[PDB]
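Participant: I'd like to ask you about the structure that follows.
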Amino acid sequence: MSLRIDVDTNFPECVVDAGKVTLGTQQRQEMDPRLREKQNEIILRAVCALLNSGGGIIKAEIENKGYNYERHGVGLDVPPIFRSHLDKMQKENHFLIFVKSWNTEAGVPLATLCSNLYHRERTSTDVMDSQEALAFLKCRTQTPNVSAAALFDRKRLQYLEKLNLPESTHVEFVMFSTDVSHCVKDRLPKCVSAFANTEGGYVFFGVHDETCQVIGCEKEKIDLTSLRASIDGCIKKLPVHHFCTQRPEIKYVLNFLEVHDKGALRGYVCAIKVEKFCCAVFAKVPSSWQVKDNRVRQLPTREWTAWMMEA
Ligand SMILES: [Zn+2]
């Protein structure tokens, strides 16, 4: 995903080139917020790169003139368990990070920025850190709420109507952004992944959470004929890895619950039912990186899972 970061393994240890970078605590906090993000990523991708390729050095070229190391801070957001591998240090208008081989620290065979393996415990959808996901992958490697489902095939609803049904491990209420497609096209896969991986459930799009109130969306800023297409294109795009023989699809069900107010046919709630799943469903492809042939290249989902199970 994203940008190409160039590395060259000449001589001994390989050297990832992070290029231009602003540094320090304070002056990375007065950066372009959409570039304190852009830079901090190339670092974390290259740190993870070498974590999974025996070790290396990241060469960075300092932007902010007159950086002083012991006096400006490092100002980089780095995963915690990564830091037990991180010797940082300066040299004129240039900065070096030495990455020691990951060497299966935590019993997890590799360094992963983000698993994209979600699961919804109690009232809350989190991703699993590579600790969590290693166990769930070990635990799915073996083969073999009623009110909620009444609401799922209602046919009318009332604006601001506060439903009886709290968010739980089977019920999640999420609210429409201004764009309906580019909200649901993004918020969905996390949900689908969560529910598939954790006992299945219902995502109610266009319902306030903290109050379980119906809301909806203007009956005109959405188009039910295409939103089912784009919804079905999104779910069949989800990366899944199978342990079993059977090998299904993700079984799911989409209903459009009309909102009303003053008998007036205004609005919409988007409901998706995701049935428990056989193996594992990723929201996108595990963010996880190696140094393969003079670029940092992302690990594909079949390899990332295999790589985690060498344990
Ligand atoms: Zn399966």
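Following the order of the structure tokens, chains are lettered A, B, ..., residues in each are numbered from 1, and ligands are numbered from 1.
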Give me, as a VMD selection string, all polymer residues having an atom no more than 9 Å from stretch 82-96 of chain A, counting only C-alpha atoms and skipping those fewer than 5 positions away in the same chain.

Facilitator: chain A and resid 47 to 48 51 57 to 69 74 101 to 102 111

Participant: I want to know what sits within 10 Å of stretch 131-139 of chain A, based on only C-alpha atoms, with residues of the same chain fewer than 4 positions away left out; could you give that as a list in words?

Facilitator: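 Result of the neighbour search: residues 106, 107, 108, 109, 112, 115, 116, 117, 118, 119, 127, 143, 197, 198, 241, 243, 279, 280, 305, 308, 309 and 311 of chain A.
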
Participant: How about saving the chosen residues, N, CA, C and O atoms kept, as a PDB file, in the first residue's frame?

Facilitator:
ATOM      1  N   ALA A 106       8.938 -12.001  21.473  1.00  0.00           N
ATOM      2  CA  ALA A 106       7.581 -12.250  21.994  1.00  0.00           C
ATOM      3  C   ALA A 106       7.044 -13.585  21.498  1.00  0.00           C
ATOM      4  O   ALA A 106       5.844 -13.849  21.665  1.00  0.00           O
ATOM      5  N   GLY A 107       7.884 -14.441  20.914  1.00  0.00           N
ATOM      6  CA  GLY A 107       7.403 -15.686  20.341  1.00  0.00           C
ATOM      7  C   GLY A 107       6.571 -15.520  19.092  1.00  0.00           C
ATOM      8  O   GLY A 107       6.086 -16.525  18.546  1.00  0.00           O
ATOM      9  N   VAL A 108       6.392 -14.277  18.648  1.00  0.00           N
ATOM     10  CA  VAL A 108       5.723 -13.960  17.393  1.00  0.00           C
ATOM     11  C   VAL A 108       6.783 -13.953  16.294  1.00  0.00           C
ATOM     12  O   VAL A 108       7.735 -13.168  16.384  1.00  0.00           O
ATOM     13  N   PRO A 109       6.680 -14.814  15.276  1.00  0.00           N
ATOM     14  CA  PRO A 109       7.815 -14.990  14.353  1.00  0.00           C
ATOM     15  C   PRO A 109       8.214 -13.753  13.571  1.00  0.00           C
ATOM     16  O   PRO A 109       9.311 -13.758  13.005  1.00  0.00           O
ATOM     17  N   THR A 112       5.148  -6.906  12.657  1.00  0.00           N
ATOM     18  CA  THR A 112       3.953  -6.526  11.936  1.00  0.00           C
ATOM     19  C   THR A 112       3.579  -5.128  12.386  1.00  0.00           C
ATOM     20  O   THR A 112       3.419  -4.885  13.587  1.00  0.00           O
ATOM     21  N   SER A 115      -2.060  -5.900  11.948  1.00  0.00           N
ATOM     22  CA  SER A 115      -2.521  -7.185  11.436  1.00  0.00           C
ATOM     23  C   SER A 115      -3.717  -7.044  10.499  1.00  0.00           C
ATOM     24  O   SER A 115      -3.926  -7.901   9.637  1.00  0.00           O
ATOM     25  N   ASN A 116      -4.498  -5.974  10.642  1.00  0.00           N
ATOM     26  CA  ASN A 116      -5.819  -5.825  10.015  1.00  0.00           C
ATOM     27  C   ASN A 116      -6.739  -6.982  10.340  1.00  0.00           C
ATOM     28  O   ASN A 116      -7.653  -7.267   9.565  1.00  0.00           O
ATOM     29  N   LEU A 117      -6.493  -7.663  11.463  1.00  0.00           N
ATOM     30  CA  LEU A 117      -7.354  -8.737  11.951  1.00  0.00           C
ATOM     31  C   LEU A 117      -8.162  -8.158  13.089  1.00  0.00           C
ATOM     32  O   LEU A 117      -7.639  -8.008  14.190  1.00  0.00           O
ATOM     33  N   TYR A 118      -9.430  -7.830  12.832  1.00  0.00           N
ATOM     34  CA  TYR A 118     -10.258  -7.187  13.843  1.00  0.00           C
ATOM     35  C   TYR A 118     -11.109  -8.189  14.599  1.00  0.00           C
ATOM     36  O   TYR A 118     -11.452  -9.248  14.080  1.00  0.00           O
ATOM     37  N   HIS A 119     -11.441  -7.853  15.841  1.00  0.00           N
ATOM     38  CA  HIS A 119     -12.469  -8.603  16.544  1.00  0.00           C
ATOM     39  C   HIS A 119     -13.125  -7.697  17.564  1.00  0.00           C
ATOM     40  O   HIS A 119     -12.454  -6.879  18.191  1.00  0.00           O
ATOM     41  N   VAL A 127      -8.459  -3.848  16.555  1.00  0.00           N
ATOM     42  CA  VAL A 127      -7.590  -4.789  15.871  1.00  0.00           C
ATOM     43  C   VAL A 127      -6.809  -5.607  16.899  1.00  0.00           C
ATOM     44  O   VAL A 127      -6.638  -5.208  18.058  1.00  0.00           O
ATOM     45  N   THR A 143     -10.556 -27.600  13.263  1.00  0.00           N
ATOM     46  CA  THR A 143     -11.876 -27.730  12.650  1.00  0.00           C
ATOM     47  C   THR A 143     -12.886 -28.345  13.630  1.00  0.00           C
ATOM     48  O   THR A 143     -12.501 -29.034  14.586  1.00  0.00           O
ATOM     49  N   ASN A 197     -14.678 -12.754  12.688  1.00  0.00           N
ATOM     50  CA  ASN A 197     -13.659 -13.330  13.553  1.00  0.00           C
ATOM     51  C   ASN A 197     -14.145 -13.544  14.985  1.00  0.00           C
ATOM     52  O   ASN A 197     -13.470 -14.231  15.754  1.00  0.00           O
ATOM     53  N   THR A 198     -15.293 -13.005  15.364  1.00  0.00           N
ATOM     54  CA  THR A 198     -15.704 -13.017  16.757  1.00  0.00           C
ATOM     55  C   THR A 198     -17.217 -13.199  16.865  1.00  0.00           C
ATOM     56  O   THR A 198     -17.985 -12.298  17.275  1.00  0.00           O
ATOM     57  N   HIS A 241      -8.027 -15.855   5.007  1.00  0.00           N
ATOM     58  CA  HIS A 241      -7.188 -17.030   4.918  1.00  0.00           C
ATOM     59  C   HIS A 241      -7.932 -18.188   5.551  1.00  0.00           C
ATOM     60  O   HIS A 241      -8.554 -18.036   6.612  1.00  0.00           O
ATOM     61  N   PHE A 243      -8.072 -22.261   6.900  1.00  0.00           N
ATOM     62  CA  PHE A 243      -7.424 -23.467   7.403  1.00  0.00           C
ATOM     63  C   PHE A 243      -8.157 -24.734   6.996  1.00  0.00           C
ATOM     64  O   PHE A 243      -7.520 -25.760   6.726  1.00  0.00           O
ATOM     65  N   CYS A 279     -12.749 -19.560   9.181  1.00  0.00           N
ATOM     66  CA  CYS A 279     -11.345 -19.225   9.520  1.00  0.00           C
ATOM     67  C   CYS A 279     -11.152 -17.738   9.892  1.00  0.00           C
ATOM     68  O   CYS A 279     -11.730 -17.328  10.891  1.00  0.00           O
ATOM     69  N   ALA A 280     -10.453 -17.157   9.101  1.00  0.00           N
ATOM     70  CA  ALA A 280     -10.098 -15.758   9.444  1.00  0.00           C
ATOM     71  C   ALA A 280     -10.323 -14.793   8.285  1.00  0.00           C
ATOM     72  O   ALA A 280      -9.944 -15.108   7.178  1.00  0.00           O
ATOM     73  N   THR A 305       0.493 -14.979   6.886  1.00  0.00           N
ATOM     74  CA  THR A 305      -0.087 -15.992   7.773  1.00  0.00           C
ATOM     75  C   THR A 305       0.850 -17.180   7.957  1.00  0.00           C
ATOM     76  O   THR A 305       1.080 -17.626   9.091  1.00  0.00           O
ATOM     77  N   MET A 308       3.590 -16.405  10.229  1.00  0.00           N
ATOM     78  CA  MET A 308       3.244 -16.359  11.652  1.00  0.00           C
ATOM     79  C   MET A 308       3.074 -17.743  12.262  1.00  0.00           C
ATOM     80  O   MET A 308       3.059 -17.875  13.497  1.00  0.00           O
ATOM     81  N   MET A 309       2.957 -18.769  11.433  1.00  0.00           N
ATOM     82  CA  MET A 309       2.665 -20.103  11.911  1.00  0.00           C
ATOM     83  C   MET A 309       3.881 -21.020  11.899  1.00  0.00           C
ATOM     84  O   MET A 309       3.799 -22.135  12.440  1.00  0.00           O
ATOM     85  N   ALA A 311       5.829 -20.669  13.906  1.00  0.00           N
ATOM     86  CA  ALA A 311       5.650 -20.907  15.358  1.00  0.00           C
ATOM     87  C   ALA A 311       4.595 -22.005  15.643  1.00  0.00           C
ATOM     88  O   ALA A 311       3.377 -21.756  15.697  1.00  0.00           O
TER      89      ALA A 311
END

Participant: Given only C-alpha atoms and all ligand atoms, how would the per-residue table for chain A near ligand 1 read, listing every residue at most 10 Å away with its closest atom pair and distance in Å to one decimal, sorted by chain and number, as a tab-separated table?

Facilitator:
residue	atom	partner	partner_atom_place_in_ligand_line	distance
A:140	CA	ligand 1	1 (Zn)	8.8
A:141	CA	ligand 1	1 (Zn)	9.0
A:142	CA	ligand 1	1 (Zn)	9.9
A:143	CA	ligand 1	1 (Zn)	8.5
A:240	CA	ligand 1	1 (Zn)	8.6
A:241	CA	ligand 1	1 (Zn)	7.3
A:242	CA	ligand 1	1 (Zn)	4.3
A:243	CA	ligand 1	1 (Zn)	5.4
A:244	CA	ligand 1	1 (Zn)	4.5
A:245	CA	ligand 1	1 (Zn)	6.7
A:246	CA	ligand 1	1 (Zn)	6.2
A:247	CA	ligand 1	1 (Zn)	4.6
A:248	CA	ligand 1	1 (Zn)	6.4
A:249	CA	ligand 1	1 (Zn)	8.7
A:250	CA	ligand 1	1 (Zn)	9.6
A:277	CA	ligand 1	1 (Zn)	7.2
A:278	CA	ligand 1	1 (Zn)	4.2
A:279	CA	ligand 1	1 (Zn)	4.2
A:280	CA	ligand 1	1 (Zn)	7.2
A:281	CA	ligand 1	1 (Zn)	9.5

Participant: Applying 7 Å and only C-alpha atoms, which residues near residue A:181 remain after dropping the ones on its own chain fewer than 3 positions away? List them as a list in words.

Facilitator: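 Final neighbour list, sorted by chain and number: residues 184, 185 and 227 of chain A.
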
Participant: Save out the residues we just selected, N, CA and C atoms, as a tab-separated table (two decimals), in the first residue's frame.

Facilitator:
chain	number	residue	atom	x	y	z
A	184	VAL	N	-19.26	4.19	4.29
A	184	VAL	CA	-19.48	2.75	4.33
A	184	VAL	C	-18.39	2.00	3.57
A	185	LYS	N	-17.91	2.56	2.46
A	185	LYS	CA	-16.83	1.89	1.76
A	185	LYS	C	-15.59	1.77	2.62
A	227	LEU	N	-25.44	1.18	-3.83
A	227	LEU	CA	-24.81	0.94	-2.55
A	227	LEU	C	-24.82	-0.54	-2.20

Participant: Could you check the closest approach to residue A:289 for each of A:9, A:53, A:123, A:40 and tell me which residue wins, using only C-alpha atoms?

Facilitator: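 Ranking A:9, A:53, A:123, A:40 by distance to residue A:289, first place goes to A:53.
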
Participant: From a DSSP pass on the backbone, collect the residues of stretch 1-191 of chain A flagged as strand (DSSP E or B) and hand them back as number ranges by chain.

Facilitator: A: 6-8, 14-21, 55-62, 86-90, 95-100, 114, 118-121, 124-127, 156-158, 162, 171-174

Participant: Among stretch 181-247 of chain A, which residues carry a DSSP assignment of helix (DSSP H, G or I), reported as a PyMOL selection string?

Facilitator: chain A and resi 181-197+224-236

Participant: Save out the residues we just selected, N, CA and C atoms, as a PDB file, in the first residue's frame.

Facilitator:
ATOM      1  N   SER A 181     -21.396   6.510   0.577  1.00  0.00           N
ATOM      2  CA  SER A 181     -20.487   5.495   0.056  1.00  0.00           C
ATOM      3  C   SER A 181     -19.094   5.629   0.685  1.00  0.00           C
ATOM      4  N   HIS A 182     -18.416   6.774   0.487  1.00  0.00           N
ATOM      5  CA  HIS A 182     -17.054   6.798   1.063  1.00  0.00           C
ATOM      6  C   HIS A 182     -17.022   6.811   2.579  1.00  0.00           C
ATOM      7  N   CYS A 183     -18.132   6.666   3.312  1.00  0.00           N
ATOM      8  CA  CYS A 183     -18.072   6.247   4.713  1.00  0.00           C
ATOM      9  C   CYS A 183     -18.158   4.736   4.791  1.00  0.00           C
ATOM     10  N   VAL A 184     -19.261   4.188   4.291  1.00  0.00           N
ATOM     11  CA  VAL A 184     -19.480   2.747   4.332  1.00  0.00           C
ATOM     12  C   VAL A 184     -18.391   2.002   3.566  1.00  0.00           C
ATOM     13  N   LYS A 185     -17.909   2.562   2.458  1.00  0.00           N
ATOM     14  CA  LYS A 185     -16.828   1.890   1.755  1.00  0.00           C
ATOM     15  C   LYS A 185     -15.594   1.773   2.625  1.00  0.00           C
ATOM     16  N   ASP A 186     -15.403   2.670   3.599  1.00  0.00           N
ATOM     17  CA  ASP A 186     -14.260   2.557   4.516  1.00  0.00           C
ATOM     18  C   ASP A 186     -14.598   1.894   5.856  1.00  0.00           C
ATOM     19  N   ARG A 187     -15.633   2.368   6.567  1.00  0.00           N
ATOM     20  CA  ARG A 187     -15.914   1.832   7.903  1.00  0.00           C
ATOM     21  C   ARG A 187     -16.282   0.353   7.862  1.00  0.00           C
ATOM     22  N   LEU A 188     -16.878  -0.119   6.751  1.00  0.00           N
ATOM     23  CA  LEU A 188     -17.393  -1.489   6.710  1.00  0.00           C
ATOM     24  C   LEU A 188     -16.325  -2.529   7.002  1.00  0.00           C
ATOM     25  N   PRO A 189     -15.246  -2.642   6.225  1.00  0.00           N
ATOM     26  CA  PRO A 189     -14.430  -3.855   6.318  1.00  0.00           C
ATOM     27  C   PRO A 189     -13.948  -4.137   7.703  1.00  0.00           C
ATOM     28  N   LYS A 190     -13.667  -3.096   8.493  1.00  0.00           N
ATOM     29  CA  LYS A 190     -13.316  -3.326   9.891  1.00  0.00           C
ATOM     30  C   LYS A 190     -14.425  -4.082  10.608  1.00  0.00           C
ATOM     31  N   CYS A 191     -15.671  -3.679  10.379  1.00  0.00           N
ATOM     32  CA  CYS A 191     -16.811  -4.326  11.014  1.00  0.00           C
ATOM     33  C   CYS A 191     -16.931  -5.767  10.564  1.00  0.00           C
ATOM     34  N   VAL A 192     -17.010  -5.983   9.247  1.00  0.00           N
ATOM     35  CA  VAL A 192     -17.141  -7.339   8.713  1.00  0.00           C
ATOM     36  C   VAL A 192     -16.042  -8.243   9.258  1.00  0.00           C
ATOM     37  N   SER A 193     -14.790  -7.763   9.215  1.00  0.00           N
ATOM     38  CA  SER A 193     -13.689  -8.539   9.766  1.00  0.00           C
ATOM     39  C   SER A 193     -13.929  -8.842  11.227  1.00  0.00           C
ATOM     40  N   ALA A 194     -14.304  -7.825  12.002  1.00  0.00           N
ATOM     41  CA  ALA A 194     -14.556  -8.034  13.419  1.00  0.00           C
ATOM     42  C   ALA A 194     -15.568  -9.143  13.624  1.00  0.00           C
ATOM     43  N   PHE A 195     -16.783  -8.960  13.113  1.00  0.00           N
ATOM     44  CA  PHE A 195     -17.863  -9.919  13.356  1.00  0.00           C
ATOM     45  C   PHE A 195     -17.523 -11.334  12.868  1.00  0.00           C
ATOM     46  N   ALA A 196     -16.989 -11.473  11.649  1.00  0.00           N
ATOM     47  CA  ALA A 196     -16.592 -12.796  11.178  1.00  0.00           C
ATOM     48  C   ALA A 196     -15.662 -13.484  12.167  1.00  0.00           C
ATOM     49  N   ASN A 197     -14.678 -12.754  12.688  1.00  0.00           N
ATOM     50  CA  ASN A 197     -13.659 -13.330  13.553  1.00  0.00           C
ATOM     51  C   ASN A 197     -14.145 -13.544  14.985  1.00  0.00           C
ATOM     52  N   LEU A 224     -29.864   3.177  -3.256  1.00  0.00           N
ATOM     53  CA  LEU A 224     -29.849   1.819  -2.731  1.00  0.00           C
ATOM     54  C   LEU A 224     -29.410   0.809  -3.783  1.00  0.00           C
ATOM     55  N   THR A 225     -29.584   1.126  -5.068  1.00  0.00           N
ATOM     56  CA  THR A 225     -29.296   0.130  -6.099  1.00  0.00           C
ATOM     57  C   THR A 225     -27.795  -0.068  -6.261  1.00  0.00           C
ATOM     58  N   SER A 226     -27.017   1.016  -6.116  1.00  0.00           N
ATOM     59  CA  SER A 226     -25.561   0.966  -6.253  1.00  0.00           C
ATOM     60  C   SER A 226     -24.864   0.706  -4.933  1.00  0.00           C
ATOM     61  N   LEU A 227     -25.439   1.181  -3.830  1.00  0.00           N
ATOM     62  CA  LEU A 227     -24.808   0.936  -2.548  1.00  0.00           C
ATOM     63  C   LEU A 227     -24.819  -0.539  -2.202  1.00  0.00           C
ATOM     64  N   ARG A 228     -25.754  -1.316  -2.743  1.00  0.00           N
ATOM     65  CA  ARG A 228     -25.639  -2.750  -2.532  1.00  0.00           C
ATOM     66  C   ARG A 228     -24.536  -3.327  -3.400  1.00  0.00           C
ATOM     67  N   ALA A 229     -24.400  -2.830  -4.623  1.00  0.00           N
ATOM     68  CA  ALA A 229     -23.277  -3.250  -5.451  1.00  0.00           C
ATOM     69  C   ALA A 229     -21.965  -2.973  -4.735  1.00  0.00           C
ATOM     70  N   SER A 230     -21.672  -1.697  -4.493  1.00  0.00           N
ATOM     71  CA  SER A 230     -20.416  -1.321  -3.854  1.00  0.00           C
ATOM     72  C   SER A 230     -20.211  -2.006  -2.502  1.00  0.00           C
ATOM     73  N   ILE A 231     -21.293  -2.299  -1.757  1.00  0.00           N
ATOM     74  CA  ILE A 231     -21.170  -3.079  -0.521  1.00  0.00           C
ATOM     75  C   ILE A 231     -20.772  -4.508  -0.839  1.00  0.00           C
ATOM     76  N   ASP A 232     -21.415  -5.110  -1.826  1.00  0.00           N
ATOM     77  CA  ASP A 232     -21.013  -6.467  -2.153  1.00  0.00           C
ATOM     78  C   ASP A 232     -19.639  -6.523  -2.810  1.00  0.00           C
ATOM     79  N   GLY A 233     -19.222  -5.461  -3.491  1.00  0.00           N
ATOM     80  CA  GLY A 233     -17.876  -5.504  -4.036  1.00  0.00           C
ATOM     81  C   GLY A 233     -16.831  -5.355  -2.967  1.00  0.00           C
ATOM     82  N   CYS A 234     -17.204  -4.712  -1.879  1.00  0.00           N
ATOM     83  CA  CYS A 234     -16.272  -4.483  -0.806  1.00  0.00           C
ATOM     84  C   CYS A 234     -16.055  -5.762  -0.012  1.00  0.00           C
ATOM     85  N   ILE A 235     -17.132  -6.487   0.291  1.00  0.00           N
ATOM     86  CA  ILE A 235     -16.988  -7.700   1.090  1.00  0.00           C
ATOM     87  C   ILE A 235     -16.322  -8.830   0.297  1.00  0.00           C
ATOM     88  N   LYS A 236     -16.620  -8.953  -0.995  1.00  0.00           N
ATOM     89  CA  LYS A 236     -15.932 -10.025  -1.701  1.00  0.00           C
ATOM     90  C   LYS A 236     -14.468  -9.701  -1.960  1.00  0.00           C
TER      91      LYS A 236
END

Participant: Quick one: residues within 9 Å of residue A:217, only C-alpha atoms, excluding same-chain residues fewer than 3 positions away - as a ChimeraX atom specification?

Facilitator: /A:176,178,180,206,220-222,259,266-269

Participant: Would you mind reading off the distance between atom CA of residue A:300 and atom CA of residue A:46, one decimal, in Å?

Facilitator: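 So the two atoms, atom CA of residue A:300 and atom CA of residue A:46, lie 16.5 Å apart.
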